[PDB]
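For ligands, and for the atoms within them, numbers begin at 1 and follow the listed sequence. For the single chain, residues carry numbers from 1 onward in sequence order.
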Amino acid sequence: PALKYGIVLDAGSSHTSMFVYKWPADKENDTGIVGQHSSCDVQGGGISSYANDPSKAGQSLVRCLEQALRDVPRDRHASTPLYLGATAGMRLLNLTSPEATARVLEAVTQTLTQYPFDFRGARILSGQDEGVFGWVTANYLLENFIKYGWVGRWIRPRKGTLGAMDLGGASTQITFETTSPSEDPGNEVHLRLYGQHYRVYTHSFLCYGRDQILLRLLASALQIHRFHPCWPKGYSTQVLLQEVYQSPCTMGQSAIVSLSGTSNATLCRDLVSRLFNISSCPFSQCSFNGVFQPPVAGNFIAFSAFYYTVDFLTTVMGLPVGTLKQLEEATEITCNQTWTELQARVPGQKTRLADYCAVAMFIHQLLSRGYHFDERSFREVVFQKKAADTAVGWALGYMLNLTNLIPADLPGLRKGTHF
Ligand SMILES: Nc1nc2c(ncn2[C@@H]2O[C@H](COP(=O)(O)OP(=O)(O)NP(=O)(O)O)[C@@H](O)[C@H]2O)c(=O)[nH]1
Ligand SMILES: [Mg+2]
């Protein structure tokens with residue numbers, strides 16, 4: 001059939017990626033119909049890394065945009081919407097300097113507006129937006145919003161949805177369908193998709209993203225130990241304190257200090273447990289830091305750094321992660337490697353290598369102590385980054401919303417036969 005296109009730039013804290021989506025022009029309202037056509041990863045940091053040089057943020061996008069000009073056929077350029085949405089890197093810069101933030105949005109805007117696409121704006125997503133649009137992505141791709149059954153015999157309970165857990169660079173999101181009463185309006189989400197109501201919980205923990213957790217652990221390690229128990233014995237580095245303390249995430253804790261690893265799983269576990277304040281709950285029950293959260297229920301997909309970390313544990317370390325107990329053993333085993341041990345298991349590039357013990361430990365604690373998974377509910381979590389050929393993230397659901405492609409109700413209401 002005739003095909004339509006749309007483009008999303010996911011301007012995250014640590015990277016920008018460009019996704020081109022495509023769909024049939026006359027069957028564009030079907031769930032699962034939109035899928036990924038192509039993508040491009042911008043080189044270097046995310047747009048917020050250019051706060052002191054905002055025109056470089058715009059120019060960073062140029063190669064991917066040239067690829068978009070080749071990927072979308074010329075005759076459709078002018079009618080292809082293009083959107084940029086930015087996450088916790090831009091949220092954190094907006095705490096630091098609303099002016100620098102606005103100059104970075106202005107530079108990316110000026111670059112984008114001179115391409116021939118229907119450029120529809122650069123915006124900073126709220127934490128709720130980022131969590132919910134990821135849940136829409138996952139569930140749309142896997143066709144969970146289809147009403148299964150036939151007239152006189154609908155499946156009951158209605159088809160379950162898949163919960164979403166996103167471990168980004170600067171924040172982490174959890175979002176799931178719940179039957180529990182809502183006790184905090186900032187967590188409450190009601191969706192009308194294809195004639196049905198989904199009652200959803202969402203929360204974004206700013207500063208609980210992977211790179212921000214590593215910075216807090218580094219600060220905390222320097223304060224309490226003057227060595228890093230999560231780092232492998234024999235690894236060390238020259239740490240620039242200004243970088244540690246400038247983040248809004250750490251500055252609540254002279255120029256260069258040497259820091260070495262000790263391969264101490266038990267002390268690493270204790271350093272990480274300080275990240276989670278479970279000391280009080282103004283609600284009937286909480287995740288952590290006083291945040292309302294109903295009991296986790298149903299299947300979940302854990303993507304982005306959940307996936308990258310688990311893939312290292314399984315593929316590189318050779319260790320199972322099928323139960324929380326296995327995940328915990330995998331983490332101890334990893335944390336107890338010397339730097340020479342660890343490097344010997346990775347023959348290719350070592351960037352990130354010293355950090356897997358800390359991130360795995362954070363992940364095990366986040367799921368068990370923070371979100372209150374147990375062995376029974378954890379069984380229903382899968383680690384994946386792709387569904388039906390499309391990368392899992394908030395970009396697709398953002399696109400679907402802004403291009404108005406998921407209807408609140410089916411046309412003519414399917415003659416009321418779903419009532
Ligand atoms: N181990 C590993 N980490 C990766 C890989 N690719 C990206 N990362 C890291 O994993 C974390 C998550 O990446 P990503 O989801 O792209 O983050 P983001 O969208 O830029 N951040 P945010 O959503 O918080 O604004 C970051 O700290 C990033 O650097 C990979 O292949 N392996
Ligand atoms: Mg992200």
In the protein, which heavy atom is nearest to atom 32 (N) of ligand 1, and how far is it?
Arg352 NH1, 3.5 Å
Ligand-side contact atoms (ligand 1) for residue partner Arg210, heavy atom cut-off under 4.0 Å:
10 (O), 11 (C), 27 (O)
Can you tell if the side chain of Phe133 reaches within under 4.5 Å of the side chain of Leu125, non-hydrogen atoms only?
yes
Within less than 4.0 angstrom of ligand 1, does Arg91 place any heavy atom?
no
Quick note on ligand 1: atoms under 4.0 Å from a heavy atom of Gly12 include exactly 19 (O), 20 (O), 25 (O)
Mind checking whether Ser304 has an N or O less than 3.5 Å away from an N or O of ligand 1?
no
When you measure from the centre of the six-membered ring of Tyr308, is the NZ or CZ of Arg210 closer than 6.0 Å and no more than 45° off the axis?
no
Close-contact set for ligand 1 against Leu167 heavy atoms, below 4.0 Å:
12 (C)
Can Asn299 and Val382 be said to form a side-chain contact (heavy atoms from CB on, under 4.5 Å), step by step?
CA-CA 8 Å; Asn299 289 124; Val382 309; 5.8 Å; no
Nearest non-hydrogen protein atom to atom 19 (O) of ligand 1, with distance, is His15 CE1, 3.1 Å
Test of understanding: given a 4.0 Å heavy-atom threshold, classify the contact between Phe312 and ligand 1 as side chain, backbone, both, or neither.
neither
Just by distance, do the side chain of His372 and the backbone of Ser287 share a donor-acceptor pair under 3.5 Å?
yes
Return the residue, atom name and 0.1 Å-rounded distance of the protein heavy atom closest to atom 26 (C) of ligand 1.
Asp211 OD2, 3.4 Å
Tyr308 versus ligand 1: do any nitrogen or oxygen atoms come within less than 3.5 Å of each other?
no
Which one of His203, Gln128, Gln293 satisfies the side-chain hydrogen bond (donor to acceptor under 3.5 Å, both in side chains) criterion with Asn187?
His203
Below 4.0 angstrom, N of the basic side chain to O of the carboxylate: do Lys22 and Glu28 qualify?
no
Would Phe303 count as a contact of ligand 1 if the rule is a heavy atom under 4.0 Å away?
no
Can you tell me if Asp355 contacts ligand 1 (heavy atom of the residue under 4.0 Å from the ligand)?
no
Is it true that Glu375 and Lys325 make a salt bridge, defined as a side-chain N closer than 4.0 Å to a carboxylate O?
no
Intermediate values then yes/no, disulfide bond (SG atoms under 2.5 Å apart), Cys230 and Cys268
CA-CA 5 Å; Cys230 302; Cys268 179; 2.1 Å; yes
Provide, to 0.1 Å, the distance between atom 17 (O) of ligand 1 and the closest protein heavy atom, together with that atom's residue and name.
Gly169 N, 3.3 Å
Can a non-hydrogen atom of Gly209 be found less than 4.0 Å from any atom of ligand 1?
no
So is there a nitrogen or oxygen of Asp166 less than 3.5 Å from a nitrogen or oxygen in ligand 1?
no
